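Peer 1: no sequence on this one, just coordinates:
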Ligand SMILES: Nc1nc2c(ncn2[C@@H]2O[C@H](COP(=O)(O)OP(=O)(O)OP(=O)(O)O)[C@@H](O)[C@H]2O)c(=O)[nH]1
Ligand SMILES: Nc1nc2c(ncn2[C@@H]2O[C@H](COP(=O)(O)OP(=O)(O)O)[C@@H](O)[C@H]2O)c(=O)[nH]1
Ligand SMILES: [Mg+2]
Ligand SMILES: [Mg+2]
Ligand SMILES: [Mg+2]
Ligand SMILES: [Mg+2]
């Protein structure tokens, strides 16, 4: 019951998907061949981990997921990788020619050739669900597949599943590892198209993750494998409430209730702690009080925004590991005193807290220290609008000269679709401004 | 006027409902399997009020357990007295209500309400003479709040001449961080003003403050909060459960406590205040039970009774004590604090004395006051409500389920009227 | 505010 289907679109989506499902397996004691010695419910189960994993007669625990890409290289590595046995081949769907960092190709030219097959395979997973909760969609803003095809799929999913929840994990572009000059274009297009089809979207700013890897883990020049392993920990925190359950556990949908005041204001800011190396973590244990404080340090934010210059509309704390109510309550009391944290006048100021006693694990050969307790804060701040602004400015500079616009028109798009998408973004920035204003 | 049908809806409802049955079962000498093993025969005189009888003379609670998710009810069924309840009287869905009044009252709950009323009907036919119903639920969630009020409205349709009683847990930011609870509560109040005869306002703000300040619990748990509710529920229904003279049935209670149809929101108090860890070796004196039971610290509603006036009061004393001395101390409060009692309702304080004391205590006192100070509670919720509604915040959760802004405005409007009505008689 | 039977 309350199953959750993950959809990994494009390189970023897939590779992040690898990190996530590897980590999930380590958290639930699932071997790379799908076998799980803990589970005595053979062939079936009602357990908490069954929301992300189905079971077979063989005793094999299979991810409720789909990997889609318009080009086989990345998914091929999955097919031949350490966790090849974990999936069924029909779950790994590849094209031949990618979208060439072109939204139009991902949404139309190439995407249309594969959209039916994907939906057919998504449908086959939905039939395994006694009560599907919704979908999780991992994708990049900048890629042609990650942007174009994702929008197409999300639109199609709204039609085929009505209003079942659709959550995004969106990789926001960063220059340190950008692959295309037109990523601003693709970003604004996918954001506009998906906006009314997404219930809640967690933006991951690569520059932020790049920064954190460099600063807190002393990684000289972070790789995708570096960023993914950190990102996975954060995704794991957010989905922990769905995959585990205890008395102090608060379901993600409860957090979602607090975090979204209006359908369009559905972009929460994530801040995770502790991100610490094994060298620093040795002989130094971080308390509930300590990690909680880190959540309000912008250095630990997942998107590069400044909540100080913005106003808060919600604050959730997703604790995991060795955390007791007593310490949490005292910890927030401190921050209520030692910070100022302004809320908009129309929202209450309480912090919705959840706790999963299941501690954070770490992937072997990983960079992160294995800590006893960790926390992820989900906040709805007006500062997130800064992310739209930086991206909208990059967009504006190129569209002013219609730079690169011809690659899009050639595939079938119109200039109207551009200005339209950009106007929605202008409205969104305006919306994020409106909510911050005081009442009369 | 004999049998009462109990119902408990949602997480909060089933938790306090279960604890309530735990307590009175012990008081009436009924064990988890349902057999009787008690000394006094006072325990079995009015046992038929809350329990049915079966083969082997086993006693089955007249209780219906309702929820939109199986969580709490699976826990109750594996709870202490879990196997006592009629297995068929478990009526649960799977979708959940997501702390949404709309889901509970209009969509997810409407899909389940008919099945519940089938169990209500079956129990009501077993009755030789039905008084009415008592519901236990929170107003802050979705199931108990939304579906609960729906069941009331539907039950009133099949049993309009019966009495509708409720133990309604009012929300407080001191206990829950869910932002939409003020919406749920305001919507529910509107329903309760219209369709209940008696409502015990159990305020989580009070229960927390009591646990933290008086009982000195730095990290109060739901079990701590419920120990208070359980104690209150036992006391408030004592006059119903054992042989007595005053407020011996729900209608008589309503006639004594409710001077006006809408003003039926009672302020419960209790003494001595107790925690599951507290020792309570020293029984209190009758004067002590009295001074405390009227003390704001002991009120379960988090209202200052000195800010309003008592329209009516019911006081229940339990345990072996000087019934003589009870009258003197009761008459003492009235004559000492005569200003806080309305003059246009002579002798508005009535008292009963039951000999059997509550579990673990030798002397206990329970308070039921229809104070006009209860408005402070509704005023609190009203402010939390408007803070959000003026900006139409979080309404999409509700409009998505089919509701409209107008229905909020009307609920807000009606509860503002209630506050003013409580104020009209406070200056009389 | 964290508050379990
Ligand atoms: N964090 C993270 N970001 C990635 C990863 N792979 C690609 N990206 C980001 O994704 C953006 C490019 O989009 P991709 O996902 O690579 O492209 P795609 O989805 O395969 O679409 P096309 O190749 O154009 O058909 C760049 O800005 C990268 O920084 C990854 O493994 N981890
Ligand atoms: N006293 C008490 N209050 C509770 C309990 N459970 C939930 N609540 C309160 O009820 C509100 C949430 O409603 P809940 O019963 O959980 O939702 P429902 O299942 O849809 O009815 C919050 O304001 C909580 O403080 C409980 O066991 N005891
Ligand atoms: Mg690619
Ligand atoms: Mg199983
Ligand atoms: Mg709940
Ligand atoms: Mg349904």
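Peer 2: Here it is on my side, so go on. Numbering: from 1, shown residues only, chains lettered A, B, ... in the order given. Ligands and ions are numbered 1, 2, ... in the order given.
Peer 1: The chain: strands as residue ranges?
Peer 2: Going with chain A. Assigned by DSSP state E, the strands in chain A fall at A:3-9, A:53-55, A:61-63, A:65-69, A:92-94, A:132-140, A:165-172, A:200-205, A:269-273, A:312-321, A:352-356, A:373-381.
Peer 1: should've been chain B
Peer 2: B:3-9, B:51-53, B:59-61, B:63-67, B:90-92, B:130-138, B:163-170, B:198-203, B:265-271, B:310-318, B:349-354, B:364-371.
Peer 1: so what strands line up beside the last one?
Peer 2: This means strand B:364-371. Paired strands of strand B:364-371, with direction, are strand B:265-271 (antiparallel), strand B:310-318 (antiparallel) (DSSP bridges).
Peer 1: Please apply the same query to the fifth one.
Peer 2: Strand pairing for strand B:90-92, determined by DSSP bridges: strand B:63-67 (parallel).
Peer 1: Are the strand it pairs with and ligand 2 in contact anywhere?
Peer 2: No: residues of strand B:63-67 are not located near ligand 2 by C-beta under 6 Å from any ligand atom, the shortest gap being 6.5 Å. Placement of C-beta: from N, CA and C, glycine included.
Peer 1: could the strands of chain A be laid out in TSV, adding distance to residue B:347 and mean neighbour count?
Peer 2: Putting the strands of chain A into TSV (distance: least, C-beta to C-beta, whole Å; neighbours: other C-beta atoms under 10 Å in any protein chain shown) gives the following:
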stretch	distance to residue B:347	mean neighbour count
strand A:3-9	63	25
strand A:53-55	68	21
strand A:61-63	72	22
strand A:65-69	72	26
strand A:92-94	81	20
strand A:132-140	59	25
strand A:165-172	59	24
strand A:200-205	60	21
strand A:269-273	62	25
strand A:312-321	52	25
strand A:352-356	49	24
strand A:373-381	56	26
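Peer 1: Could you measure from the residue lying closest to residue A:124 once chain neighbours are set aside over to residue A:117?
Peer 2: Nearest in space to residue A:124, with sequence neighbours left out and distances taken as C-beta to C-beta, 6 or more residues apart in numbering or on different chains, is residue A:90 at 7.3 Å. Between residue A:90 and residue A:117 the computed distance is 10 Å (C-beta to C-beta, to the nearest Å).
Peer 1: For residue A:2, the count of nearby residues, please.
Peer 2: 19 (other C-beta atoms under 10 Å in any protein chain shown).
Peer 1: so it touches residue A:133, yeah?
Peer 2: Yes: the criterion here is C-beta atoms under 8 Å, and residue A:2 meets it with residue A:133 at 4.5 Å.
Peer 1: Now for the two: what residues contact both?
Peer 2: A:51, A:242 (C-beta atoms under 8 Å, 6 or more residues apart in numbering or on different chains).
Peer 1: Nearest spatial neighbour of residue A:95, chain-adjacent residues omitted?
Peer 2: Using C-beta to C-beta, 6+ apart, the closest residue to residue A:95 is residue A:70 (3.8 Å).
Peer 1: Now do the contacts for that neighbour.
Peer 2: Taking C-beta under 8 Å, 6+ apart as the test, what residue A:70 contacts is A:10, A:94-99, A:105-106, A:110-111, A:114, A:144-145, A:149.
Peer 1: Which of the residues you listed are buried? Put it as a PyMOL command.
Peer 2: If you want just the buried ones from the contacts of residue A:70 in PyMOL, going by 16 or more other C-beta atoms under 10 Å in any protein chain shown, the selection is:
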select buried, chain A and resi 10+94+95+98+99+105+106+110+111+114+144+145+149
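Peer 1: from the contacts of residue A:70, which is closest to residue B:363?
Peer 2: Taking C-beta to C-beta as the measure, residue B:363 sits nearest to residue A:10 out of these, at 72.6 Å.
Peer 1: Wait, the closest one touches residue A:148, no?
Peer 2: No: using C-beta under 8 Å, residue A:10 is not in contact with residue A:148, being 9.3 Å away.
Peer 1: count of residues packed around the closest residue to ligand 3 within the stretch 251-400 of chain A?
Peer 2: Of all residues in the stretch 251-400 of chain A, residue A:391 sits closest to ligand 3, at 20.3 Å by C-beta to the ion. Neighbour count for residue A:391, taken as other C-beta under 10 Å: 20.
Peer 1: Tell me the spacing between it and residue B:309.
Peer 2: 62 Å.
Peer 1: and stretch B:127-135, how far out from the chain's middle?
Peer 2: Distance, stretch centre to chain centre, for stretch B:127-135: 16 Å (C-alpha atoms, centre = their mean, to the nearest Å).
Peer 1: Only the buried residues of it, if you could.
Peer 2: Quick answer for stretch B:127-135 (16+ other C-beta under 10 Å): B:130, B:131, B:132, B:133, B:134, B:135.
Peer 1: what sits against the second one?
Peer 2: Under the criterion of C-beta under 8 Å, 6+ apart, the neighbours of residue B:131 are B:1, B:2, B:3, B:4, B:162, B:163, B:249, B:250, B:251.
Peer 1: what residues are up against the first one?
Peer 2: So that's residue B:1. Counted by C-beta under 8 Å, 6+ apart, residue B:1 has contacts B:129, B:131, B:249, B:250, B:251.
Peer 1: what about the third one, distance to ligand 2?
Peer 2: Read that as residue B:249. 27 Å (C-beta to the nearest ligand atom, to the nearest Å).
Peer 1: Can you pull out the residues in contact with the longest helix belonging to chain B?
Peer 2: Determined from DSSP state H, the single longest helix within chain B is helix B:405-424. Defining contact as C-beta under 8 Å, 6+ apart, one finds that helix B:405-424 is touched by B:183, B:186-187, B:189-190, B:193, B:260, B:262-263, B:308, B:372, B:374-375, B:378-379, B:381-382, B:385-386, B:389, B:392, B:395, B:398-399.
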